[PDB]
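Student: Input: one structure, supplied below.
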Amino acid sequence: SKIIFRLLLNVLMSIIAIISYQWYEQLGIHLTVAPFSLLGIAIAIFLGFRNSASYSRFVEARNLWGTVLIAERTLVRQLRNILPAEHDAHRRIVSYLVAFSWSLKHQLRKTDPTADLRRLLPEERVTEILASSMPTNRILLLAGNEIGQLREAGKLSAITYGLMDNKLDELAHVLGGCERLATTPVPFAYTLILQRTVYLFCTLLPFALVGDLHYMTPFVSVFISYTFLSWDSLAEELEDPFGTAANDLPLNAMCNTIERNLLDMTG
Amino acid sequence: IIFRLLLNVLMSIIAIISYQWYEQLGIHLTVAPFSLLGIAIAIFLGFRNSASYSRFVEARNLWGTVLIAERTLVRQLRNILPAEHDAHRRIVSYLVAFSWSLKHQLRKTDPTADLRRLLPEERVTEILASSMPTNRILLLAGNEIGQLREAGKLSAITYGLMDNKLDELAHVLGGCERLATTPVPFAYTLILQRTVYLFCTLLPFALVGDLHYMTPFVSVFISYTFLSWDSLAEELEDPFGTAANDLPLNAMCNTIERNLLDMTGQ
Amino acid sequence: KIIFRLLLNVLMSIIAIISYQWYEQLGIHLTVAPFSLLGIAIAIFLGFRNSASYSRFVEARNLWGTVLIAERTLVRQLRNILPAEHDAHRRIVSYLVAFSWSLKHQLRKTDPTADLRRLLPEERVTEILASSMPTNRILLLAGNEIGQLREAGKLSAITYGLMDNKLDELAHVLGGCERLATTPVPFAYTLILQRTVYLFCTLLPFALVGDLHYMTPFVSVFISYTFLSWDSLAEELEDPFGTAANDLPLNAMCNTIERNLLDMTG
Amino acid sequence: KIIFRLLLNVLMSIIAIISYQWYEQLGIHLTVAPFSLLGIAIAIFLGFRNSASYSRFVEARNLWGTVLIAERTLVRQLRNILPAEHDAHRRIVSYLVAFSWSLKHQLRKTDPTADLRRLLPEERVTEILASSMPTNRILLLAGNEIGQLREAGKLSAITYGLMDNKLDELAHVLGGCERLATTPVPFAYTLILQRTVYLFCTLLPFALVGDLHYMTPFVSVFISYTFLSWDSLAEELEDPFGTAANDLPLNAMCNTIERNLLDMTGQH
Amino acid sequence: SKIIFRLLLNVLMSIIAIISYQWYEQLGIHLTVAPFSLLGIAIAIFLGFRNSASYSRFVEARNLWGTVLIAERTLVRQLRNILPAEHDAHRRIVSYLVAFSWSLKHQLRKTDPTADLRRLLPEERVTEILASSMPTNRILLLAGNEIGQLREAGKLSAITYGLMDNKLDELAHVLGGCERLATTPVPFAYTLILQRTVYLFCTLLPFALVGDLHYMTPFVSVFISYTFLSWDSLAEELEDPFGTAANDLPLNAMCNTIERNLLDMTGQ
Ligand SMILES: [Zn+2]
Ligand SMILES: [Zn+2]
Ligand SMILES: [Zn+2]
Ligand SMILES: [Zn+2]
Ligand SMILES: [Zn+2]
Ligand SMILES: [Zn+2]
Ligand SMILES: [Zn+2]
Ligand SMILES: [Zn+2]
Ligand SMILES: [Zn+2]
Ligand SMILES: [Zn+2]
Ligand SMILES: [Zn+2]
């Protein structure tokens with residue numbers, strides 16, 4: 001959908017290349033294919049590496065969200081297995097854990113967490129969380145308070161308390177990894193130039209292809225332009241994995257899966 | 001894969017016998033632009049198959065950890081409570097339930113017969129009532145270990161060491177679920193398949209000038225190696241499938257069960 | 001500074017356009033086929049190199065991501081288990097925060113004394129800066145604070161150990177950042193490939209001008225822009241701790257850390 | 001084994017010369033440009049394939065490394081915690097060494113009887129050999145020894161846990177190696193992926209004569225050597241536990257760790 | 001290096017080709033550049049992949065050595081933090097930790113450690129350390145005897161004893177990874193291929209260049225051979241990161257940094 005526009009332009013520069021062609025020698029222009037085949041292969045190589053980097057940002061982001069689900073399930077498991085009777089702490093903690101993940105989606109989508117927070121917590125908490133530098137980080141400190149007082153209440157050994165504390169550390173690592181990938185994107189520094197280069201190549205290519213491909217120029221030029229531009233825009237979607245493009249991650253579904261898992265695990 | 005090679009032999013034969021008419025419109029196909037495109041395709045094909053490959057390997061890793069963490073959890077119980085064979089058999093049957101249930105979840109098949117062969121039916125009923133049955137099998141197993149802990153037969157220190165093995169099985173379950181629902185992005189294989197198939201049909205048309213009657217044998221050779229490589233990526237999706245090059249999840253589940261049993265004198 | 005070299009190449013082309021006609025008396029012939037073998041090879045090497053430069057920048061960010069993660073969870077641990085002991089909260093947070101600023105000045109080679117005096121008594125600042133490894137001594141002192149809690153019976157040996165592991169993480173960060181700063185990417189990779197990228201871009205028109213006559217500036221400028229752009233991209237990524245817009249925003253990261261740790265302790 | 005295919009390349013090259021005459025007698029032609037597009041595609045796929053093979057080799061290399069690391073530090077812990085318990089030192093050490101040799105035999109699909117019988121008493125050798133997974137049973141036996149030191153009260157639960165971790169590392173090695181052996185990720189495609197390289201290297205002189213009429217054999221086999229080296233080297237690394245020139249020296253590694261452990265308990 | 005030698009011979013093959021192009025028609029050799037473009041690009045792809053592997057193993061070697069400093073630092077931190085009064089064991093452990101790094105240097109450089117060992121430790125210990133097949137291993141065992149005796153004097157708990165024991169496990173992983181990088185290089189086929197082919201390709205190339213370019217052949221055939229040989233010889237450096245070459249890790253300075261960190265941390 002994004003590239004259909006500029007594919008048709010390339011058909012036009014192709015028609016312009018075909019109409020302008022017989023005049024090359026009157027206009028003084030000689031444009032052979034060998035120099036463009038060298039330039040095109042070097043962009044291919046560079047598009048290959050940039051796409052590899054983008055995808056691996058995607059794969060990392062997906063992996064970090066996988067750990068929210070893994071580590072919330074097993075903190076709840078350890079609670080049910082060591083303090084089975086305290087359904088009261090069960091429910092408090094699960095709300096923090098469910099809050100943490102919706103809070104994190106908003107942080108990364110850069111949207112308002114007030115609604116989701118009120119749906120799950122008391123409004124005194126909702127405002128303690130909204131007041132923080134980082135709500136997600138505030139939610140974790142709160143979830144740790146819940147576990148801390150069970151230790152001070154003697155319901156946990158220092159060993160079974162260390163076991164659950166380690167799961168909140170796993171979520172701290174998820175939080176940091178998501179902020180690194182969010183706020184430190186792939187260097188934009190050249191993404192502007194990284195893309196300027198690929199379309200400049202696609203319009204000039206028919207002008208250099210016609211001499212060989214007299215009337216087939218618009219076909220082979222559009223085929224070539226398709227592949228180069230598809231790869232470059234996938235590279236740019238996948239490179240903001242928390243974005244809202246169609247190939248980005250489905251953070252809403254993932255927060256829902258997370259909610260259903262913990263609620264099913266406590267009630 | 002074998003069908004589209006023949007359409008290529010046809011295209012090349014069409015190109016051969018329609019070659020007379022090439023300058024009628026001034027349509028002319030050079031090899032040069034097609035070798036630029038064929039090289040930009042080989043690169044992207046190379047990178048994609050890389051991701052398909054890494055995805056398949058991760059799934060084999062995950063399943064390998066099942067065997068490892070289950071072997072080592074049963075090892076600890078045998079080494080620490082060599083007397084308590086009742087707990088031995090209980091914990092082994094949950095650990096074997098987990099693999100089978102994970103397999104059935106990944107293949108979206110019913111785990112009921114397997115679960116009943118291993119567990120008492122009250123336990124099966126608790127598991128299948130869950131919207132996440134394999135995750136609940138872990139809660140049960142964690143319970144067996146915990147009452148060994150609450151009955152004083154394990155110290156907090158080794159209880160914690162066994163709980164950690166359960167956390168490893170939890171990472172397998174998550175990673176399988178994440179892989180199952182997170183394919184390599186479809187946009188990748190969409191444009192690879194559009195681009196690879198178009199390029200193979202057009203190719204004999206551009207080879208016919210250079211190779212007069214030789215195009216069918218060289219154009220077919222070129223398209224076989226691109227389609228071989230492209231279809232390798234498709235052999236490495238669905239690692240949890242049932243196909244011949246999909247993982248042998250059943251045989252791996254039998255190995256798991258075979259190990260834990262010979263480990264407890266059965 | 002890269003744009004400068006573009007215009008030199010435009011000149012190399014117009015000189016090569018006018019240098020061209022006399023080529024007879026010296027007998028110099030330059031086809032473009034050999035130059036496409038060399039430009040391809042350079043592009044392969046430049047792509048592999050940029051990959052290494054990007055992976056080094058990424059590891060820099062991960063390192064800094066870990067101080068923020070490790071300092072947050074150490075302070076959360078303190079407030080979760082000793083929520084009364086705010087006299088140790090303030091001392092440790094001040095140590096954690098000074099570790100970050102000291103780490104930053106260390107990587108940027110600037111006087112840290114302002115930040116240290118702003119966060120610690122002049123007794124401390126005199127002591128830390130007397131050491132040859134100031135960031136290492138801050139970790140040592142932060143280790144004392146937890147250790148004194150360990151002897152004061154306020155922490156078990158277990159949770160004393162758990163907080164020790166967070167200082168360990170910060171020890172690995174200090175080491176990793178030091179290792180990135182002292183061990184630059186093998187310089188053989190930067191200027192020897194900078195020279196061959198440079199030589200290649202100027203010598204390119206003199207080999208193009210045969211096939212392209214007055215297009216040569218237009219096409220040679222395009223190619224050179226491509227190579228010099230990608231090569232300059234690897235320039236930036238590969239000194240991640242530098243002071244430059246594209247480089248890591250260390251001052252912001254340290255302010256976020258300080259605001260987070262204080263926000264966790266009012 | 002590959003020098004045979006190189007010589008067929010000089011042969012094919014002589015056919016190309018003495019029959020090129022009659023090629024256009026039919027109107028059949030072979031330029032270089034199509035075979036240069038195809039050879040570059042193959043070279044790209046060879047790089048990626050060799051990248052995957054190599055990373056299989058490095059991982060098998062890291063897992064064997066961990067065997068030596070974990071056996072050394074477990075024996076170190078045993079010596080440092082229980083300096084007096086030499087009978088226990090000796091029993092565990094022979095299990096550790098039995099584990100390594102039995103892992104080598106398991107990966108190479110050879111018989112471990114002689115190494116087991118040199119190191120352990122026959123009641124345990126028949127028990128180990130009876131088992132479904134002998135290396136796994138050796139780990140279980142090593143674990144019983146550490147278990148009875150705990151039940152006898154000679155170890156804290158903590159320091160008993162520090163050594164039990166050492167056994168878990170060896171269990172991860174065992175599983176990683178099992179997966180790197182019976183799980184070539186793709187199979188009978190390497191048959192395709194290398195048959196492709198074989199046919200390209202035979203058709204190459206037919207496509208080279210026109211440009212370079214009798215020089216083809218020297219150029220045709222230079223190129224063939226290049227392509228077939230990279231391919232066979234990929235297949236060597238693909239199977240790191242094999243007996244090839246570029247595969248793992250498991251024997252040197254099993255001998256190093258035996259030598260380390262005897263030197264570590266005062267048997268050298 | 002030895003590279004500049006090989007650049008000058010390319011000036012000879014070119015002038016040879018310049019002055020022997022005369023006889024090409026008479027000798028019946030035709031050498032289009034096109035087939036050499038296909039070989040060159042192939043080799044460039046393989047060289048690109050290989051350099052990556054070389055660079056990776058170099059980066060890993062620097063990483064391993066970086067952990068020596070981290071693990072030794074924090075071990076000394078834990079000792080002061082946990083048993084601040086025991087400056088006597090502080091000094092013995094640190095001399096072991098210092099001997100470990102110097103011995104690790106000698107082991108990787110394959111040089112005698114006796115001098116550095118004599119400088120740092122009593123004579124009975126130097127003899128014991130030099131007897132072992134792996135002195136770095138024996139040094140870790142000795143440092144661990146120190147920690148162990150502090151545990152059986154009741155001066156450490158089982159937990160804080162564990163906290164410090166982990167640091168020695170870390171050091172063992174360092175030893176193991178370094179030993180692994182030192183004994184397991186990139187498979188030598190990777191280079192013999194890339195050494196024979198890159199060299200052979202670099203000299204046959206002007207012979208193909210002369211017909212297309214006649215007297216420019218030297219200038220351009222040299223540019224190409226510099227690019228390939230730079231990239232390939234640089235790979236060879238990065239593959240022996242523990243080598244005594246100029247571009248290899250500066251192991252002596254890292255052992256000096258390590259010795260000075262550890263002395264600064266302990267009063268001196
Ligand atoms: Zn986890
Ligand atoms: Zn509950
Ligand atoms: Zn494990
Ligand atoms: Zn039993
Ligand atoms: Zn952490
Ligand atoms: Zn406070
Ligand atoms: Zn270890
Ligand atoms: Zn002994
Ligand atoms: Zn460490
Ligand atoms: Zn001291
Ligand atoms: Zn001439």
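Chain labels follow the order of the structure tokens: the first chain is A, the next B, and so on; residue numbering restarts at 1 in every chain, and ligands are counted from 1 in their shown order.
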I need the chain D residues near chain E as a list in words; criterion: at most 7 Å, counting only C-alpha atoms.

Tutor: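 Taking only C-alpha atoms into account, residues 36, 39, 40, 43, 44, 47, 65, 69, 73, 76, 80, 81, 156, 158, 159, 211, 212, 213, 214, 215, 223, 226, 229, 246, 260 and 263 of chain D sit within 7 Å of chain E.
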
Student: Identify, counting only C-alpha atoms and all ligand atoms, the protein, DNA and RNA residues located within 9 Å of ligand 4, and give them as a VMD selection string.

Tutor: chain B and resid 77 to 78 81 to 89 263 to 265

Student: How would you report the residues lying within 8 Å of ligand 3, as number ranges by chain, if you count only C-alpha atoms and all ligand atoms?

Tutor: B: 65, 68-69, 72, 165, 168; D: 168-169, 171-172

Student: For residue 119 (chain A), find every residue with an atom within 12 Å (counting only C-alpha atoms), except residues of its own chain fewer than 4 positions away, and show them as a compact mmCIF listing (two decimals) with N, CA and C atoms, in the first residue's frame.

Tutor:
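See result-v2.txt below for the written result:
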# COMPACT_ATOMS: atom_id res chain seq x y z
N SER A 95 -2.75 -8.18 40.41
CA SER A 95 -3.24 -6.93 39.83
C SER A 95 -2.08 -6.04 39.45
N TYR A 96 -1.10 -5.94 40.35
CA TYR A 96 0.15 -5.27 40.05
C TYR A 96 0.80 -5.89 38.81
N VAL A 98 -0.56 -7.68 36.39
CA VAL A 98 -1.34 -7.33 35.20
C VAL A 98 -1.21 -5.85 34.89
N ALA A 99 -1.15 -5.01 35.93
CA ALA A 99 -0.99 -3.57 35.71
C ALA A 99 0.34 -3.29 35.03
N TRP A 102 0.20 -3.80 31.15
CA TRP A 102 -0.54 -2.77 30.42
C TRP A 102 0.16 -1.44 30.53
N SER A 103 0.63 -1.13 31.74
CA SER A 103 1.47 0.04 31.91
C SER A 103 2.61 0.03 30.89
N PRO A 113 -2.00 5.67 30.40
CA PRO A 113 -2.30 4.48 31.19
C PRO A 113 -3.36 4.65 32.27
N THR A 114 -3.97 5.83 32.40
CA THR A 114 -4.91 6.07 33.51
C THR A 114 -6.08 5.09 33.47
N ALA A 115 -6.70 4.94 32.29
CA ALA A 115 -7.85 4.04 32.14
C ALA A 115 -7.53 2.64 32.65
N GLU A 123 -7.70 3.57 43.40
CA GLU A 123 -7.38 4.88 42.83
C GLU A 123 -6.30 5.60 43.63
N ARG A 125 -3.64 3.96 44.74
CA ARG A 125 -2.52 3.37 44.01
C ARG A 125 -2.41 3.97 42.62
N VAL A 126 -3.53 4.05 41.89
CA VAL A 126 -3.52 4.56 40.52
C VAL A 126 -2.84 5.91 40.45

Student: List the neighbours of residue 166 (chain A) out to 10 Å using only C-alpha atoms; skip same-chain residues closer than 3 positions along the sequence, and give me the result as a PDB file with N, CA and C atoms, in the first residue's frame.

Tutor:
ATOM      1  N   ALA A  71       7.780 -14.911  33.380  1.00  0.00           N
ATOM      2  CA  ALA A  71       8.122 -14.577  34.766  1.00  0.00           C
ATOM      3  C   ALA A  71       6.896 -14.212  35.617  1.00  0.00           C
ATOM      4  N   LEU A  75       6.155 -16.372  39.089  1.00  0.00           N
ATOM      5  CA  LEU A  75       5.948 -15.710  40.380  1.00  0.00           C
ATOM      6  C   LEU A  75       4.587 -16.081  40.968  1.00  0.00           C
ATOM      7  N   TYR A 161      11.677 -16.216  49.800  1.00  0.00           N
ATOM      8  CA  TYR A 161      11.531 -14.808  49.433  1.00  0.00           C
ATOM      9  C   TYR A 161      12.546 -14.422  48.356  1.00  0.00           C
ATOM     10  N   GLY A 162      13.753 -14.981  48.428  1.00  0.00           N
ATOM     11  CA  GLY A 162      14.720 -14.746  47.369  1.00  0.00           C
ATOM     12  C   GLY A 162      14.259 -15.302  46.038  1.00  0.00           C
ATOM     13  N   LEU A 163      13.515 -16.412  46.073  1.00  0.00           N
ATOM     14  CA  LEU A 163      13.008 -17.025  44.853  1.00  0.00           C
ATOM     15  C   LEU A 163      12.042 -16.099  44.134  1.00  0.00           C
ATOM     16  N   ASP A 169      13.142  -9.091  39.438  1.00  0.00           N
ATOM     17  CA  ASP A 169      14.351  -8.690  38.725  1.00  0.00           C
ATOM     18  C   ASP A 169      14.270  -9.051  37.246  1.00  0.00           C
ATOM     19  N   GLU A 170      13.693 -10.210  36.914  1.00  0.00           N
ATOM     20  CA  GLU A 170      13.493 -10.541  35.497  1.00  0.00           C
ATOM     21  C   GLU A 170      12.667  -9.470  34.803  1.00  0.00           C
ATOM     22  N   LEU A 171      11.626  -8.951  35.488  1.00  0.00           N
ATOM     23  CA  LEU A 171      10.762  -7.935  34.884  1.00  0.00           C
ATOM     24  C   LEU A 171      11.469  -6.596  34.822  1.00  0.00           C
ATOM     25  N   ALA A 172      12.407  -6.357  35.741  1.00  0.00           N
ATOM     26  CA  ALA A 172      13.229  -5.158  35.636  1.00  0.00           C
ATOM     27  C   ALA A 172      14.096  -5.210  34.394  1.00  0.00           C
TER      28      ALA A 172
ATOM     29  N   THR C  73      16.919  -2.195  40.668  1.00  0.00           N
ATOM     30  CA  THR C  73      16.470  -3.355  41.448  1.00  0.00           C
ATOM     31  C   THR C  73      17.211  -3.498  42.758  1.00  0.00           C
ATOM     32  N   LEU C 162      21.970 -11.801  47.586  1.00  0.00           N
ATOM     33  CA  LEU C 162      21.187 -11.345  46.446  1.00  0.00           C
ATOM     34  C   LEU C 162      21.528  -9.906  46.067  1.00  0.00           C
TER      35      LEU C 162
END

Student: Residues of chain A near chain E: apply a cut-off of 12 Å, count only C-alpha atoms, and supply the list as a JSON list (two decimals) with N, CA, C and O atoms, in the first residue's frame.

Tutor:
[["chain", "number", "residue", "atom", "x", "y", "z"],
["A", 38, "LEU", "N", 26.42, -2.19, -10.84],
["A", 38, "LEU", "CA", 27.33, -2.11, -9.71],
["A", 38, "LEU", "C", 26.67, -1.37, -8.55],
["A", 38, "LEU", "O", 26.73, -1.81, -7.40],
["A", 41, "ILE", "N", 23.82, -3.58, -6.86],
["A", 41, "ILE", "CA", 24.33, -4.64, -5.99],
["A", 41, "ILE", "C", 24.85, -4.08, -4.67],
["A", 41, "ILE", "O", 24.72, -4.73, -3.62],
["A", 45, "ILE", "N", 23.33, -5.19, -0.99],
["A", 45, "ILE", "CA", 24.17, -5.59, 0.14],
["A", 45, "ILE", "C", 23.85, -4.77, 1.37],
["A", 45, "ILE", "O", 23.75, -5.30, 2.48],
["A", 159, "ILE", "N", 14.92, -17.73, 51.80],
["A", 159, "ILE", "CA", 15.13, -18.54, 50.55],
["A", 159, "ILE", "C", 13.93, -18.49, 49.59],
["A", 159, "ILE", "O", 14.16, -18.19, 48.40]]

Student: At a cut-off of 12 Å, which residues of chain C touch chain D? Count only C-alpha atoms and give the answer as a count of residues only.

Tutor: 4

Student: Quick one: distance from CA of residue 102 (chain B) to CA of residue 134 (chain B) in Å, one decimal?

Tutor: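 Computing the Euclidean distance for CA of residue 102 (chain B) and CA of residue 134 (chain B) yields 5.9 Å.
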
Student: Using only C-alpha atoms and all ligand atoms, determine which residues fall within 8 Å of ligand 8, then list them as an NGL selection string.

Tutor: :D and (79 or 83-90 or 265-266)

Student: For ligand 10, list the contacting residues at 12 Å or closer, counting only C-alpha atoms and all ligand atoms, as a compact mmCIF listing (two decimals) with N, CA, C and O atoms, in the first residue's frame.

Tutor:
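out-v5.txt, freshly written:
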# COMPACT_ATOMS: atom_id res chain seq x y z
N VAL E 76 38.15 -9.69 45.44
CA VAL E 76 38.83 -8.87 46.44
C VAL E 76 37.83 -7.95 47.16
O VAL E 76 37.92 -7.75 48.38
N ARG E 77 36.84 -7.42 46.45
CA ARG E 77 35.80 -6.63 47.12
C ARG E 77 35.07 -7.46 48.18
O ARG E 77 34.93 -7.04 49.33
N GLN E 78 34.60 -8.65 47.80
CA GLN E 78 33.88 -9.49 48.75
C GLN E 78 34.74 -9.82 49.97
O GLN E 78 34.24 -9.83 51.11
N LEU E 79 36.03 -10.09 49.77
CA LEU E 79 36.88 -10.45 50.91
C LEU E 79 36.97 -9.30 51.91
O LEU E 79 36.71 -9.48 53.11
N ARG E 80 37.32 -8.10 51.44
CA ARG E 80 37.29 -6.92 52.29
C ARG E 80 35.91 -6.68 52.90
O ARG E 80 35.78 -6.53 54.11
N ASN E 81 34.86 -6.67 52.07
CA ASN E 81 33.53 -6.40 52.60
C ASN E 81 33.10 -7.43 53.64
O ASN E 81 32.43 -7.07 54.62
N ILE E 82 33.44 -8.70 53.47
CA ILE E 82 32.86 -9.77 54.30
C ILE E 82 33.76 -10.08 55.48
O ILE E 82 33.30 -10.17 56.61
N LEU E 83 35.05 -10.25 55.24
CA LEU E 83 35.99 -10.43 56.33
C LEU E 83 37.03 -9.31 56.26
O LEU E 83 38.17 -9.51 55.84
N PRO E 84 36.66 -8.10 56.72
CA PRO E 84 37.59 -6.96 56.65
C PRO E 84 38.84 -7.09 57.51
O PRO E 84 39.84 -6.44 57.21
N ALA E 85 38.84 -7.92 58.56
CA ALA E 85 40.01 -8.00 59.42
C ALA E 85 41.12 -8.85 58.84
O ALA E 85 42.28 -8.71 59.26
N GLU E 86 40.81 -9.75 57.90
CA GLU E 86 41.77 -10.79 57.52
C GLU E 86 42.77 -10.37 56.46
O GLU E 86 42.98 -11.12 55.50
N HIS E 87 43.44 -9.23 56.64
CA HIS E 87 44.31 -8.74 55.57
C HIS E 87 45.41 -9.72 55.23
O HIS E 87 46.04 -9.62 54.17
N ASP E 88 45.63 -10.70 56.09
CA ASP E 88 46.64 -11.70 55.81
C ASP E 88 46.20 -12.64 54.69
O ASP E 88 46.98 -12.94 53.77
N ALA E 89 44.96 -13.13 54.76
CA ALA E 89 44.45 -13.92 53.65
C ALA E 89 44.18 -13.05 52.43
O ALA E 89 44.38 -13.50 51.29
N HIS E 90 43.76 -11.80 52.64
CA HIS E 90 43.64 -10.86 51.52
C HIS E 90 44.89 -10.87 50.66
O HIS E 90 44.80 -10.86 49.43
N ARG E 91 46.06 -10.90 51.29
CA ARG E 91 47.31 -10.78 50.55
C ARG E 91 47.68 -12.09 49.86
O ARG E 91 48.31 -12.09 48.79
N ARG E 92 47.35 -13.22 50.48
CA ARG E 92 47.71 -14.50 49.87
C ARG E 92 46.81 -14.78 48.67
O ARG E 92 47.30 -15.12 47.58
N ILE E 93 45.50 -14.57 48.83
CA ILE E 93 44.57 -14.72 47.72
C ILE E 93 44.94 -13.81 46.57
O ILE E 93 44.91 -14.21 45.40
N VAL E 94 45.33 -12.57 46.86
CA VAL E 94 45.61 -11.63 45.78
C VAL E 94 46.85 -12.07 45.00
O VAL E 94 46.89 -11.96 43.77
N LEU E 262 44.62 -4.85 41.62
CA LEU E 262 44.50 -5.71 42.79
C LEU E 262 45.33 -5.19 43.96
O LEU E 262 44.95 -5.37 45.12
N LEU E 263 46.46 -4.53 43.67
CA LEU E 263 47.28 -3.96 44.74
C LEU E 263 46.68 -2.66 45.27
O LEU E 263 46.67 -2.44 46.48
N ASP E 264 46.17 -1.81 44.38
CA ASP E 264 45.42 -0.63 44.81
C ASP E 264 44.25 -1.00 45.71
O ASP E 264 43.86 -0.21 46.57
N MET E 265 43.67 -2.19 45.55
CA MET E 265 42.49 -2.52 46.34
C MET E 265 42.83 -3.02 47.74
O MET E 265 41.92 -3.21 48.56
N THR E 266 44.11 -3.24 48.02
CA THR E 266 44.52 -3.94 49.23
C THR E 266 45.60 -3.18 49.96
O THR E 266 46.57 -3.77 50.46
N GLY E 267 45.46 -1.87 50.06
CA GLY E 267 46.34 -1.06 50.90
C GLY E 267 47.53 -0.47 50.18
O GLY E 267 47.77 0.73 50.26
N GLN E 268 48.27 -1.31 49.47
CA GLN E 268 49.34 -0.81 48.63
C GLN E 268 48.76 -0.07 47.43
O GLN E 268 49.33 -0.09 46.34

Student: Which residues form the shell of 9 Å around ligand 2 when you count only C-alpha atoms and all ligand atoms, given as a PDB file with C-alpha atoms, in the first residue's frame?

Tutor:
ATOM      1  CA  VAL A  76       2.243 -16.553  40.652  1.00  0.00           C
ATOM      2  CA  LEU A  79       2.970 -17.843  45.488  1.00  0.00           C
ATOM      3  CA  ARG A  80       0.314 -20.553  45.013  1.00  0.00           C
ATOM      4  CA  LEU A  83       1.585 -19.492  50.320  1.00  0.00           C
ATOM      5  CA  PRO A  84      -1.474 -21.361  48.976  1.00  0.00           C
ATOM      6  CA  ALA A  85      -3.780 -20.058  51.690  1.00  0.00           C
ATOM      7  CA  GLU A  86      -3.143 -16.312  51.227  1.00  0.00           C
ATOM      8  CA  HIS A  87      -5.593 -15.664  48.364  1.00  0.00           C
ATOM      9  CA  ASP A  88      -5.579 -12.081  49.536  1.00  0.00           C
ATOM     10  CA  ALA A  89      -1.959 -11.431  48.612  1.00  0.00           C
ATOM     11  CA  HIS A  90      -2.482 -13.624  45.509  1.00  0.00           C
ATOM     12  CA  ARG A  91      -5.052 -11.167  44.158  1.00  0.00           C
ATOM     13  CA  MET A 265      -4.108 -18.983  37.672  1.00  0.00           C
ATOM     14  CA  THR A 266      -5.774 -17.306  40.728  1.00  0.00           C
ATOM     15  CA  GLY A 267      -9.589 -17.569  40.203  1.00  0.00           C
TER      16      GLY A 267
END

Student: As a list in words, could you give me every residue of chain B near chain C (at most 12 Å apart, counting only C-alpha atoms)?

Tutor: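 Going by the stated atoms only, the list reads residues 36, 39, 43, 156 and 157 of chain B.
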
Student: Kindly work out which residues sit at most 7 Å from ligand 6, using only C-alpha atoms and all ligand atoms, and give the list as a CSV table (one decimal) with N, CA and C atoms, in the first residue's frame.

Tutor:
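Below is the file that was written, pocket_1.csv:
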chain,number,residue,atom,x,y,z
C,79,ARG,N,14.3,-1.1,49.7
C,79,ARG,CA,13.0,-0.5,50.2
C,79,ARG,C,12.0,-1.6,50.4
C,83,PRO,N,12.4,-1.3,54.7
C,83,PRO,CA,11.7,-0.1,54.4
C,83,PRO,C,11.8,1.0,55.4
C,84,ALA,N,12.3,0.7,56.6
C,84,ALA,CA,12.6,1.7,57.6
C,84,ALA,C,13.9,2.4,57.4
C,85,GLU,N,14.9,1.6,56.9
C,85,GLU,CA,16.3,2.1,57.0
C,85,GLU,C,16.7,3.2,56.1
C,86,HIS,N,15.9,4.3,56.0
C,86,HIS,CA,16.2,5.3,55.0
C,86,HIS,C,17.6,5.9,55.2
C,89,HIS,N,19.3,3.8,52.7
C,89,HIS,CA,18.7,4.2,51.4
C,89,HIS,C,19.5,5.3,50.8
C,90,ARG,N,19.6,6.4,51.5
C,90,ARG,CA,20.2,7.6,51.0
C,90,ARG,C,21.7,7.4,50.7
C,265,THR,N,12.8,6.7,46.5
C,265,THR,CA,13.1,7.0,47.9
C,265,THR,C,12.6,8.3,48.4

Student: Do you know which residues are within 7 Å of ligand 5 using only C-alpha atoms and all ligand atoms? Can you write them as a VMD selection string?

Tutor: (chain A and resid 169 to 170 173) or (chain C and resid 69 to 70 166 169)

Student: Residues contacting ligand 11 - anything with an atom at most 12 Å away, using only C-alpha atoms and all ligand atoms - can you give me those as a PyMOL selection string?

Tutor: (chain C and resi 23-31) or (chain E and resi 18+21+209-217)

Student: Give me, as a ChimeraX atom specification, the contact residues of chain B against chain D at a cut-off of 6 Å, counting only C-alpha atoms.

Tutor: /B:35,42,68,75,79-80,211-214
